There are 2 protein chains.
Amino acid sequence: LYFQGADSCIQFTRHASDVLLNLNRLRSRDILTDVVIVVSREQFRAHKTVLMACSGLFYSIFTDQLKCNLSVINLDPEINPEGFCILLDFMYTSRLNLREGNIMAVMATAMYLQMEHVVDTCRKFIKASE
Amino acid sequence: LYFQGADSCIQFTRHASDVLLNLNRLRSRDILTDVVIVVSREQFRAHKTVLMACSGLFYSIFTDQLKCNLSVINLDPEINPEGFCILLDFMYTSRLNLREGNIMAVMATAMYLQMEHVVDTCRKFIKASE
Ligand SMILES: C[C@@H]1CN(c2ncc(Cl)c(Nc3ccc4c(c3)n(CCC(C)(C)O)c(=O)n4C)n2)C[C@H](C)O1
Ligand SMILES: C[C@@H]1CN(c2ncc(Cl)c(Nc3ccc4c(c3)n(CCC(C)(C)O)c(=O)n4C)n2)C[C@H](C)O1
């Protein structure tokens, strides 16, 4: 459960993942969600803080004095809703459901959202086939 | 950076800790903090979702229909502010600054906040001296 960290502190091995699991539980129950992300027809409820923690685009939007209080955010209508859904699930779980059928949409969405590690991972999996 | 999870998904090893680090960065800059916790004289700004993820007491408070929207929460005046500070830092970092001088205050605060793993850890470190 815990160990002696490199610093003075006792560090809890699974704490960050346990927190993320609880944040995903709140999302699943729509508890304290404070924004709706609109992608084409689709709507996705989330917590701004989680979106900011995972995405350079959301970090930029919600640190903007005018946009920080917005309850609705519309994404570029060219964004694939399934690609966005896969990335939102990844934000809340650390698991990326990458498949041959969705990798291009996921990569394009991750580029737009400025999710660097996901973009790089997509690029590596694409290179593996070529 | 990533591995093949037990499920179909690609899993990112450090994602949950990277998210928690970013949430702590937002806390340090007072960005999107939505509650102030008052302990005696002291005030602590935080994100309700993080508090709920880490504490049975905060989970109960912010899932209550009446209390969920409160911007200010007063804790029991008998709570030690340093003990609360150590636990709030732990929530956002996974690191618990447990010392001989603060262990009793930290344990009492963790019991009040319903932070089970911290309570159990305090109990184990206390037992080690006796
Ligand atoms: C001083 C400030 C600190 N910082 C930061 N702080 C807080 C957040 Cl929410 C945050 N989130 C954020 C910002 C940019 C991101 C970002 C999050 N992620 C996700 C990073 C991760 C490791 C979680 O995958 C990215 O890929 N990019 C490009 N970032 C990086 C910024 C540039 O500068
Ligand atoms: C169905 C629902 C799911 N659940 C839950 N969901 C969301 C959150 Cl924010 C949340 N957070 C929460 C609640 C209680 C906690 C709690 C968080 N922590 C922290 C747990 C942790 C592993 C992060 O240290 C505790 O020690 N206790 C007792 N809990 C447990 C509750 C009892 O039942």
Side-chain angles (χ1 to χ4, degrees), chain A residues 1-2 10-13 15-33 46-64 68 87-88 90-96 107 109-122, chain B residues 1-2 10-13 15-33 46-64 68 87-88 90-96 107 109-122:
Chain A
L1 190 86
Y2 57 83
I10 301 308
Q11 192 164 325
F12 284 71
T13 313
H15 179 74
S17 52
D18 289 340
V19 167
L20 198 65
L21 176 58
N22 280 342
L23 296 176
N24 199 30
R25 284 169 171 166
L26 296 182
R27 182 174 65 116
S28 77
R29 295 173 64 197
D30 197 34
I31 294 167
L32 267 65
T33 48
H47 301 98
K48 286 172 187 185
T49 55
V50 178
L51 299 183
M52 295 170 84
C54 297
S55 156
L57 185 71
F58 288 130
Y59 170 76
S60 288
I61 294 167
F62 300 121
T63 53
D64 178 82
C68 69
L87 289 168
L88 184 62
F90 160 75
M91 295 184 188
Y92 280 85
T93 63
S94 326
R95 292 182 271 107
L96 184 70
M107 188 174 66
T109 313
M111 287 171 72
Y112 169 78
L113 294 180
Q114 302 165 30
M115 294 175 71
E116 291 180 358
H117 292 319
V118 170
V119 174
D120 290 340
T121 302
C122 290
Chain B
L1 190 86
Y2 57 83
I10 301 308
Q11 192 164 325
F12 284 71
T13 313
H15 179 74
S17 52
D18 289 340
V19 167
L20 198 65
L21 176 58
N22 280 342
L23 296 176
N24 199 30
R25 284 169 171 166
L26 296 182
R27 182 174 65 116
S28 77
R29 295 173 64 197
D30 197 34
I31 294 168
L32 267 65
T33 48
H47 301 98
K48 286 172 187 185
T49 55
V50 178
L51 299 183
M52 295 170 84
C54 297
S55 156
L57 185 71
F58 288 130
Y59 170 76
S60 288
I61 294 167
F62 300 121
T63 53
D64 178 82
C68 69
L87 289 168
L88 184 62
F90 160 75
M91 295 184 188
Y92 280 85
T93 63
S94 326
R95 292 182 271 107
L96 184 70
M107 188 174 66
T109 313
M111 287 171 72
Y112 169 78
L113 294 180
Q114 302 165 30
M115 294 175 71
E116 291 180 358
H117 292 319
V118 170
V119 174
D120 290 340
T121 302
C122 290

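Atom set for the values below is all heavy atoms of this structure, side chains included, hydrogens, waters and symmetry mates excluded. Order of appearance sets the numbers: ligands from 1, and atoms from 1 within every ligand. Throughout, a chain's letter reflects where its sequence line sits, starting with A, and its residues are numbered from 1.
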Problem - Polar proximity ligand 2 side, B/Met52 side, N/O cut 3.5 Å exclusive - result: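 N/O-N/O distance below 3.5 Å exists for this pair.
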Practice task
Please indicate whether any nitrogen or oxygen in B/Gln114 is less than 3.5 Å from any nitrogen or oxygen in ligand 2.
Solution key: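 N/O-N/O distance under 3.5 Å: yes.
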Practice task
Kindly indicate whether the side chain of B/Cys54, heavy atoms from C-beta on, has any atom under 4.5 Å from the side chain of A/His15.
Solution key: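 They are in contact (side-chain heavy atoms under 4.5 Å apart), so the answer is yes.
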Would you mind running through ligand 1 and noting each atom that sits below 4.0 Å from a heavy atom of [X]?
| X | answer |
| --- | --- |
| B/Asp18 | 22 (C), 23 (C) |
| A/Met115 | 26 (O) |
| B/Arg25 | 6 (N), 7 (C) |

Exercise for the section: Please report the C-alpha distance between A/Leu51 and A/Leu88 in whole Å, then the side-chain angles of each, then the deciding distance to 0.1 Å, and finally whether the side chain to side chain contact (heavy atoms under 4.5 Å, CB included) criterion is met. Expected result: CA-CA 8 Å; A/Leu51 299 183; A/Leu88 184 62; 3.6 Å; yes
Practice task
Would you check the N or O atoms of B/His15, main chain and side chain alike, for any that come under 3.5 Å of an N or O of ligand 1?
Solution key: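 Checking ligand 1 against B/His15, no N or O pair falls under 3.5 Å apart.
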Handout entry: B/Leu26 N/O to ligand 1 N/O under 3.5 Å
Key =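 For ligand 1, there is no N or O atom that lies under 3.5 Å from one belonging to B/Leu26.
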Handout entry: N/O donor-acceptor pair under 3.5 Å between A/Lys48 side chain and A/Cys68 backbone
Key =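 The answer is yes, because a donor-acceptor pair under 3.5 Å joins these two groups.
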Exercise for the section: Could you pull out, from A/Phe58, B/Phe12, A/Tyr59, the option with a heavy atom nearest to atom 10 (C) of ligand 1? Expected result: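 Result: the heavy atom closest to atom 10 (C) of ligand 1 is in A/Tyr59.
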Exercise for the section: Take the angle between the ring planes of B/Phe90 and A/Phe12 and call it parallel below 30°, perpendicular above 60°, tilted in between. Expected result: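 Rings of B/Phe90 and A/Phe12: perpendicular, as their planes differ by over 60°.
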Practice task
Give me the one residue out of A/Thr109, A/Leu96, A/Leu113 that meets side-chain contact (heavy atoms from CB on, under 4.5 Å) with A/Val118.
Solution key: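 So, applying the side-chain contact (heavy atoms from CB on, under 4.5 Å) to A/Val118 and each of A/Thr109, A/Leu96, A/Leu113, only A/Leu96 qualifies.
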Problem - Criterion side-chain contact (heavy atoms from CB on, under 4.5 Å) against A/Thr49, the qualifying member of B/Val50, B/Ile31, B/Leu23 - result: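 Of the listed residues B/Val50, B/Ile31, B/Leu23, the side-chain contact (heavy atoms from CB on, under 4.5 Å) partner of A/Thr49 is B/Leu23.
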Problem - Location of contacts on B/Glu116 toward ligand 2, heavy atoms closer than 4.0 Å - result: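 Looking at B/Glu116 and ligand 2, atoms from backbone and side chain both fall under 4.0 Å.
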Exercise for the section: Using the side chain to side chain contact (heavy atoms under 4.5 Å, CB included) rule, take B/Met52 and B/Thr63 through it: C-alpha gap first, then chi angles, then the decisive distance, then the call. Expected result: CA-CA 9 Å; B/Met52 295 170 84; B/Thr63 53; 3.7 Å; yes
